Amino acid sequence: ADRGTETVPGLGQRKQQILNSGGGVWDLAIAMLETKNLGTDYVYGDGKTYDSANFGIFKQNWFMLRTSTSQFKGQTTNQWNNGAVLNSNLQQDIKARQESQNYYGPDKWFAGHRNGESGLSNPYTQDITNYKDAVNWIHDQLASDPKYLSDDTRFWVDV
C-alpha cells in the first residue's frame, strides 16, 4: 500500500500540545504528513531559500507566509529568514497557517502550500489534488477514534 500507521514515541504528547495551543484535528493531519514527529528539526528551510523556504510544523513556504499572514504581511522575499521564528513558537505556527488558509480559501491555500505562487493559477492539478486527499485520508483516521489524538499512532501517506 501507499499509506499506513507507525508508532512514534512521544507523538501523543505533541498531538495534545497542538490541540491545546490553538490547533484542530485538521491542523494535526496536515502536520502529521509534513514530518514524522510533529516537530521542526528538519533541515533549516527544508533546504530551500527565498519564497520556497519552509518553516514550522506544517512547512509553510515563505511566499505564503508573507502574502497571507499578519505576522509577516508585506515582507519581501529577501526577509525570508524571518519565518524561522515559527520553528520555536508553536502558537504562531498554528495561527499563521489558519490565517493563511482563511485568506486564500482551502483550495487555493492547498495550491499555494504545495506549489507556491505558481499553484495559485490552477488549484486542481493532480499533484495538488493528491496532497488534499492524503491529508483528508489522515484526518479521517484521527477522527475515527479519539484515542488517536493522544497515542503515538502516526497515520502516513506516501507524499
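Quick note: we count residues from 1 along the sequence shown, nothing fancier. The term rigid core refers to the most C-alpha atoms you can superpose between the two forms while keeping them within 1.5 Å.
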query	finding
More shifted region, core-based fit in 5 other deposited structures of this protein, 120-128 vs 52-60 by CA	120-128
Segment of higher mean CA temperature factor, 37-45 or 24-32	37-45
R14 CA temperature factor, ranked by third within the chain	middle
Chain-wide C-alpha B factor ranking for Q75, given as lowest, middle or highest third	middle
Third of the chain, ranked by Cα B-factor, where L120 sits	highest
Where the record places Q141 (Cα B-factor, split into thirds across the chain)	middle
Cα B factor band for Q91 (lowest, middle or highest third within the chain)	highest
